[PDB]
Each structure stands twice: as C-alpha cells, then as structure tokens.
Protein chains: 6
Amino acid sequence: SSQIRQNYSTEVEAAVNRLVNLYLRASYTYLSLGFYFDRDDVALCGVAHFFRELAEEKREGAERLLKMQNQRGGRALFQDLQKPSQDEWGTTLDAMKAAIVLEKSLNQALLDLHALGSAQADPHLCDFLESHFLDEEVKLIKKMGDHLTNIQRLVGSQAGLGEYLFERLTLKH
Amino acid sequence: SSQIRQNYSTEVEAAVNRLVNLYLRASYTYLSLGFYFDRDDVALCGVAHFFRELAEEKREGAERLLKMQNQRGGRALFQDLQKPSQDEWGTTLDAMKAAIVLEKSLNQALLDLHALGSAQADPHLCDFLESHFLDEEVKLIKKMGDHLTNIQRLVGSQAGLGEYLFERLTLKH
Amino acid sequence: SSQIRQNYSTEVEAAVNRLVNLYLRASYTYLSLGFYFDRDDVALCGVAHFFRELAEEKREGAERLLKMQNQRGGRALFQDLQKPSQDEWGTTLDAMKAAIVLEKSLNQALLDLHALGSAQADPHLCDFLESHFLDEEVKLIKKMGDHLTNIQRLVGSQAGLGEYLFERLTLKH
Amino acid sequence: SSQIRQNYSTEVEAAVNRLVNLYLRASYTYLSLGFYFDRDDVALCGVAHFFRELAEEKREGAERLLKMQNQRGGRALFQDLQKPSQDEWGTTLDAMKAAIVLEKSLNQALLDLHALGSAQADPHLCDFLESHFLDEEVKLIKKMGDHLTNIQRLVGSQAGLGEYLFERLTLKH
Amino acid sequence: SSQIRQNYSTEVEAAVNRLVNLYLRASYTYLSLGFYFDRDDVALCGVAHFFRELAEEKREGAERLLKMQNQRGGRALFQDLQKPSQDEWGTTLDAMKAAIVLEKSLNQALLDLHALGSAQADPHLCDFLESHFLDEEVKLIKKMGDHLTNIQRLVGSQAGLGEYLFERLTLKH
Amino acid sequence: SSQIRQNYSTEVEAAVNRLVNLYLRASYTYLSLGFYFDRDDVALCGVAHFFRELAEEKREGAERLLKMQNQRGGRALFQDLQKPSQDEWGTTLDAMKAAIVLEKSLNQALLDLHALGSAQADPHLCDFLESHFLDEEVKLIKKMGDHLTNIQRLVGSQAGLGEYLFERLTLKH
Ligand SMILES: [Ru+3]
Ligand SMILES: [Ru+3]
Ligand SMILES: [Ru+3]
Ligand SMILES: [Ru+3]
Ligand SMILES: [Ru+3]
Ligand SMILES: [Ru+3]
Ligand SMILES: [Ru+3]
Ligand SMILES: [Ru+3]
Ligand SMILES: [Ru+3]
Ligand SMILES: [Ru+3]
Ligand SMILES: [Ru+3]
Ligand SMILES: [Ru+3]
Ligand SMILES: [Ru+3]
Ligand SMILES: [Ru+3]
Ligand SMILES: [Ru+3]
Ligand SMILES: [Ru+3]
Ligand SMILES: [Ru+3]
Ligand SMILES: [Ru+3]
Ligand SMILES: [Ru+3]
Ligand SMILES: [Ru+3]
Ligand SMILES: [Ru+3]
Ligand SMILES: [Ru+3]
Ligand SMILES: [Ru+3]
Ligand SMILES: [Ru+3]
C-alpha cells in the first residue's frame, strides 16, 4: 500500500500500537484511582484530582502516538483494554506506589521502543519519543517520588492525620 | 457499609457500572473511527473530527455516571473494554450507519436503566438520566439520521465526489 | 584553518553542501509548479499558492542548512541548480504525485545525512536535522498524501469538476 | 494557443525568460555573498545582511517578471542556474565591485529588453520595465557606487580598521 | 536506594557531576575575566559585561545539570573549584582566545558525555544535552570566533584604537 | 601602579580578596544544600528554595566586594573554592544549624575586616561594610534563629510531620 510510508518498519509500527494500548490502559487505571479517592468513605479530593489529571495526560499520550502512526503511514490497531489491576487502591501511599510502578513500566516501554527505533535507524521515531515522552515521563516519575517521600514522612504513628495533611497541603485542588 | 447510601438498589448499582463500560466502549469505538478517517489513504478531516468529538462526549457520559455512582454511595467497578468491532470502517456512509447502530444500543441501555429505576422507585436515578442523557442521545441520533440522509443523497453514481462534498460542506473542521 | 570547527567531518560538510543544492533545486521546482498553475489556461489559484508557499519553505530549509554550515565552521560551496524536470506539470494530480516523489527524495537525503552524522558521532548534526527537518518533512509528506487521496477521489468520470472543487474547497487562497 | 495573448512577440517572451534566469542567477550570487560574509573568519554582519537583502530583491524581480509573462499569455521556461562566479569573495571592496559589475549587467539586460519592446511596439512591456525595474536599478547602482567610494576612502594603509568601520557605521544590521 | 532511578548508569552519574564542576569552573573563570576588564587600568566596559554575562550562563548550565541529576535519581557530588588559570588576562584578543579554548574544552566534555550516554543506551541524557547544551555551545563558539576575527582585524599597527573601537561598536553595554 | 588608589592598604586589599573567597564558598555551600533538599528522597521544596536563594545572595555579596575592590584600585585575586563541608545535609534542623554556623563565621569575618579598616583609618571601607553587609547579615542570622526555634518546636516525638509542616507553612515556595 502506502503512498507516504518511508523508513517505517513493521516492527516499529506494531510496537507503536502496543504502546498506545499501554497508555490507554494506564489512563484507565488512573480513571479508577481518581474515582476511588472520590468515594464518600475515602474522600481525598486532592488525590482524586491528581489521578484524574493523570488519566487525561495518558490519554493524550496515546492520541499523540496514534497521530504519529498516521503521519508515518502506519495503521492503528486497537486491542482490548484490560481493566485495572485493583478495584480498591488502599491508602494514598499504596496508590502512589502503584502509580510509580505503572509509570516505570511505561518508561521502560518507551525506552524499549526507542532502542527498536535506533536498531531500525528510524530517527524520526527516536526524536518523537525524546521530544514528547521521555522527559515528560522522567519529570512525572520525579514528582511521584517527591510525593512518596512526603507521604512516607507523614505516616509515623498518626497515619490518618498525615494522609489528610498531604492532601490538603501538597495536592491543593 | 455505606454511611450515605439511601434508596440505591444493588441492581441499579450494577447496571450503572455496566453502562459506564458501554459508554467507555463507545468512546473507544469513536477513537478508532476518528483515527481511521485521519489515515492518509482516507483523509476526510471533517469526518475524523466528528468522531473524535464523539469519543470525548462518550467519555464525559461515563465520567458523569461514575460521579453519580459515588454520589449515591455505590462502588465503581470496571471491566475490560472490548476493542472496537472493526479495524477499518469503510466509507463515511458505512461509518455513520455503524455510529447510529452504536447509539441506538446506548439509548436502549439508557431506557433499560430508566425502567429498572422506575421498577425500584429510584427517582433520583430517573431524573439523572432524563436530565443528562436521554435528550442528549435523542438529539445526537437525530443529527446522525440527518447526516445519513445527506450522505445517501450524495452517493448517486459519483460516490467519491459526494463523499468529499459532505465532508467539506456539512462537517466543516 | 578553522578557529571554531570541532567534531565536524569533511564528509558531513560536503553532504550538507549537497543537501543545500537539493533544497534549492526543490525550491526551483516549486517555483515552476507555482507559475504553471497561474497560467491563463490552467488557472488554479489555490494550487499555485500551495506550490509557491513550498518554494519559500524549501529556500528557508536551504538557508537554515547554510547558517548551520557556518556555525560549525564548514564552508558553503554552491553548484548549479538544475532546472526542474518538466516544463509543463499536467493535472493537479500529476503535480501532487511529482511533489510527493520530490519530497520522498529530500526525506531520503535527510535520513542519509542523519546516518552519516551517527556514523561520524556528530550529535549536533543529528539534533539539528531532528529538530528542524525530519518532522517538518514527515508532516508535509502526510499533507501531500491526504491531498492525493482527495484529488483521486474527485477524479471519477468528471475530472474537470473534481479539479475545480479541490482547488476551491481544500486549497482556499 | 493563447486565448489572452495580444501584441506579445515570441522574441519578447523568450527575452523575458532569459531575464528571469539572469535575476535568479543574481539572487544566487547574492546568497553566496551573504553567507561568505557570515563565515567565522570573515564575520562582517552588516555586509552579510546587505547581500542577503539583495538576494531577496532579485528573487522578487524574477517573480514579477514571471507574473507578467503569465499576464501576457507567454510561457515561463526555466533553465539551469549557473552557480556564482566565485566561491570566496575577498574583501568588502572586492565584493562591492563584483556586485556593481553584476548590477550593470542586469541593467544592460533591462535596457536591451526595453529596446526590443520598443522595436516590437510593445508599450505594456516598456511601461512594466520602467515602472518596476529601471529606476529601482539606477537607485541600487547609485547606492553601490556611494558604498564603493566610502569603502575606498577607508582603505588607506589601515585596511582592517576601515573594513570594520564601514560595516559598523554604514551598514548597521 | 533509589525509588525513581531507571536506566541511569553510575558512569553517567559520575560524568554529570564532573561536568557540573567544569561548568562552575568556567563560570569562575568568566567572573575573573569580567572583573579584570572592570579594572581602572583596563576599563573596557563592554568586554567586562560580555564575560560577566557568560559567568551567569555557565552557572545556569551547571544548575540545569544538577536539576537533571536529581530528576534521574542520581546524587550531586561537588568538588573543589580550581581557581582560574590566570590572574591577569592580557588584551581583549588574549581574553577572547582563552575564552574560545575554554569553550572548546566544555564542548568536548559535552560530546564525551553524549558518547557515554549513547554507549549506555541513555536517550534521556542524549536528548537533554542536545536540547539544552549542544546547540547553545555551537552558537556561543561561533559568536566568539566572529569576535576574534573582528578583534584581529582591528589590531593592525594601532592596537589601542582597535581595542577601544571593538568594545564601543561591537560590545555595546 | 595605581592611578586611583588612595588610602587603601595592602592589608585591606588582601582581606577583601579573602572575604570574596568566603562569600563564594558560602554560595557553593548553599548551592549544595539547595540541591540536597530537591532530592527525590528528601523532597522539601521550600527548604530547597530557601537555600537556593541564599546561594544567590552570597554570590551577590561577593560581586559587591569585587566591584568595590576595583573602585578602590585594588586587584581581585581568586583562590580555590573549597567544596562544601558535607555531601548530605541531614534534616532541615541539621541544615539550618549548619547555615547559622556558616553565617556566624561570615559575620565574624565582616567584623574582623571592619576592625582592620578602623585600625587603618579607612572610613570608606567601614561605610561600605556597614551599608551593604553588617545589617543584612544580622537580619539573616535573626531569620535563621527564628527558623531554628520553629523547627525545634516541631520535632517533639513526631519529627516527620513537623518537618513537613515547617516546609509547607513557613517556607511557602
Ligand atoms: Ru474535588
Ligand atoms: Ru535516539
Ligand atoms: Ru511534535
Ligand atoms: Ru476539591
Ligand atoms: Ru483535521
Ligand atoms: Ru422516570
Ligand atoms: Ru446534574
Ligand atoms: Ru481539518
Ligand atoms: Ru491567486
Ligand atoms: Ru540521531
Ligand atoms: Ru535551531
Ligand atoms: Ru487566489
Ligand atoms: Ru548578523
Ligand atoms: Ru519605452
Ligand atoms: Ru505593476
Ligand atoms: Ru547583525
Ligand atoms: Ru559597565
Ligand atoms: Ru544522541
Ligand atoms: Ru528541558
Ligand atoms: Ru557600561
Ligand atoms: Ru520547588
Ligand atoms: Ru566603622
Ligand atoms: Ru553602595
Ligand atoms: Ru515548590
């Protein structure tokens, strides 16, 4: 087929489609996190908003990947989105630990795709990742680490008070 | 458990969760439609944007349902999102026919949920659907029917020309 | 000689000069295309303007390459610019096909230069191409593919009407 | 052919095409001059900008000629553009002397074309040249003569100092 | 330890710390240059300001490297800053020659770090350098070469006059 | 030498150079403190900013001293800057204690220099210190004492919570 496709391997095309799925899955996980913290029996508004905003960011990442797939002459292929790994997400610390784990997996997927692009001598792909994804992900993971540290400092032996304060004073809504 | 839940049946709670899944599935279908019409070998910008905007609307419908689930003291439960029914969506007519089919199924789900709420004497639910979903869906289905009619009129024996004109003159981007 | 040159191979320097020539040749081709579509017996104003704007963009690409050649301490060397491959460019479809061919050749030259820079461990060059040329070229080729598709859809068995409509409704002046 | 052509000789048509080539060649020469004076080992910013601006003006002259060729129903025909006569342009004095030589040749070409138009009783052509080219060229040649005089006065036996001062105090960037 | 560190080698971490030291050392050298040209018996205000502004830029480079070191989960380690290589910096030409030497050493350190990152498959690092350091350094070295050329042209056999003029007419304060 | 120097002893000149070194060393210490509190495993943004701002203030103190050294006809002489006394700075209390110690040493150096100036009957120096340094330092040491007191009050037996609160409610970023 393609009238525009140039220097775009089938391997990169398929890996782009898989990364789309991983970003949409991450978005869905964040949607679940966001609504869990909005429960009347959890009620941590700032935490909810933090995860809700991440759901939006990850959907935007997927949409940028899809746009690029079309710009390169590849074909978007969608698969099922697996529901999130938990139905209830525990404390803010549990949730932030789960978020960092999820982000490290996305980062590793970005790094794996970058390596594939280098192997395939696909500099456009390499640039696209560098310019829209790699630093954004490093910044986000740093912010989550900063949060985890502050959450952990606040646990002590008065965990409720610390969880309230973090939400009130770090994650202002 | 719940400290707030009142007049909120387990049957409605589960049906709300199922409707969330149907809205998110519809959003995903529209995301696929949107990107298909952005392909270099399809290239109907107005069609793409129409479906992309619908993806956003259906995600917003899901988020309103999730918000209400929490307001009522129910518990959001997420399931897999099944990938869309096609990988390639054919002509604008094929796509708009598929969209109307999808919307009629969502509408029927709304009507089924409303009937459950009436059976359960849950007026809050009934009002919520009436006020945010039932008329929005009737308006959308009317707009899709209007489109289908105009698309069909334009086919004739010069289908390419008609498809271009519809996109240019009805769905301005 | 150079008091500033550092990590800048003679091979990259010469390839930069050759790419300048290819960009200026592309500019010249577009100048010819632009004036052909302004002929009284062709008279497709939007087509003319599309190619005229491309002539300007390709000259700007050449000037950025020349600026960089001086920033690196290389020496600009100019060669003849070969006149464009045709004197008359046929239909809008013929012209857009010729434009995509030309752009794919420029893209391949960019990719070849990038590969040379990688081989020579010249990251400044690699970055320069990634940042000002590779994505610009992918975007342009995608836009030309989108056009070609719409042009092709409009041919049918009423080619004049389709050519007029494309110019009027896609390439507004 | 032409449905519009009137009082437009084949001789004038061909001479217009040749003048286009001479203007584009002059533009190219100025592009080379502009980049030479931007070299780290030349570094005369004002000189560079003077020639860069002339490159633009000469391209604009060519484009006006091409527009007129189409207005008259003639057919643009492009030939190769011969690379500029030097790769390195010497001092500002050498360059300005080369520029005046180039401009006198363009002027003589304008005058020769005007004479052809008079011989062919083509007043539109005569007016076009008078109104957009002849006085512009006389003004430019006067400005170059004024520069040459000031450059020459500044040589004396401190040539570097004089070259710096001219660039700083006459050709402010 | 680190809860965020991912794909960040100990080799890159240590080299980042060494580059910080090189940037801070360069800042210190520029601070010394700046104050030397502010001496009553040197009194070249524009030269002073040029070097003072470079001191600030190099400190900012160090601070960006330190910020990135923390974003990646590395640990900043500081060492002594060696005092600048001279106490008195000679003429503006001597100083600008010393500045270009210093900058070429920084550039080579950037290029060496980039090569390490490529060897370690660390694209974030590679991108960080490309995006904030490599082109900034090429631009700065080009500007210093342009200055050196103008300074050299002005020496002749009236060195005082040329030094005054360069400061007055190129480096306006 | 000096054409301007008047009433400026070699003893004061050398002591000014030593104080410059002490201010630059203090700046460097604060740079290290600032980045330590920006670590993902420390993550006290307000603390970081407090020390980062002090790094800037101490560099400015050094630059004022250097400016004055030139105004008086003295000669700036730079020495090595010894790296900061620690690589890791402990808690906010540890850091603020270290900061007060550092500031008391700077203050004592100011007082020692003032005494030298009085001994040398150098009223300009005395005024310069009084007007730009002595009260600034007293104000800063008072602010650090106020902080130390609040930090100490917050330790109690819930040290993490107190450290978070101080950063959030006293050192707002
Ligand atoms: Ru809220
Ligand atoms: Ru890469
Ligand atoms: Ru982009
Ligand atoms: Ru809120
Ligand atoms: Ru569009
Ligand atoms: Ru009802
Ligand atoms: Ru409502
Ligand atoms: Ru559009
Ligand atoms: Ru027009
Ligand atoms: Ru590369
Ligand atoms: Ru750039
Ligand atoms: Ru027009
Ligand atoms: Ru310039
Ligand atoms: Ru005449
Ligand atoms: Ru006119
Ligand atoms: Ru300039
Ligand atoms: Ru000054
Ligand atoms: Ru690289
Ligand atoms: Ru950045
Ligand atoms: Ru000044
Ligand atoms: Ru901060
Ligand atoms: Ru006193
Ligand atoms: Ru003062
Ligand atoms: Ru902050």
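Note that chain E is numbered according to Swiss-Prot, with residues 2-174 shown in order.
Determination method: X-ray crystallography, 1.8 Å.
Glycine residues also receive a Cβ, built from the backbone N, Cα and C atoms like all the rest.
The feature N-acetylserine is assigned by Swiss-Prot to E:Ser2, with experimental evidence given as support. Within 10 Å of the C-beta of E:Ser2 (N-acetylserine) we count 8 further C-beta atoms, all protein chains included. E:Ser2 (N-acetylserine) falls within neither a helix nor a strand when secondary structure is assigned with DSSP, and so counts as coil.
If you draw a 10 Å sphere around the CB of E:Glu54 (Fe cation binding site), it holds 11 other CB atoms from the protein chains shown. Residues or ranges marked as Fe cation binding site by Swiss-Prot: E:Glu54, E:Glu57, E:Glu58, E:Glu61, E:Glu64.
The region 'Catalytic site for iron oxidation' annotation in Swiss-Prot covers E:54-61. Residues 24-25, 27-29, 31-32, 34-35, 100, 107, 141 of the same chain sit 6 or more residues outside the region 'Catalytic site for iron oxidation' (E:54-61) yet have a Cβ under 8 Å from a Cβ within it.
Chain F comes within the C-beta cut-off of under 8 angstroms for the following of the recorded positions E:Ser2, E:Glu54, E:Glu57, E:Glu58, E:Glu61: E:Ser2. A straight line from the CA of E:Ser2 (N-acetylserine) to the CA of E:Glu58 (Fe cation binding site) spans 33 Å. When the binding-site residues E:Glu61, E:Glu64 are scored by other C-beta atoms within 10 Å, E:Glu64 scores highest. Assigned with DSSP, the residues of the region 'Catalytic site for iron oxidation' (E:54-61) fall into helix, strand and coil as follows: 8 helix, 0 strand, 0 coil. The Cβ of E:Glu58 (Fe cation binding site) lies under 8 Å from the Cβ of E:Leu141, each of these being in the same chain and 6 or more residues away along the sequence. Neighbour list (E:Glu57 (Fe cation binding site), Cβ cut-off 8 Å, at least 6 residues apart, same chain): E:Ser28. A Cβ within 8 Å of the Cβ centre of E:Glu54, E:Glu57, E:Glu58, E:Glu61, E:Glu64, the residues given for Fe cation, is found for these other residues of the same chain: E:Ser28, E:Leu55, E:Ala56, E:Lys59, E:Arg60, E:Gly62.
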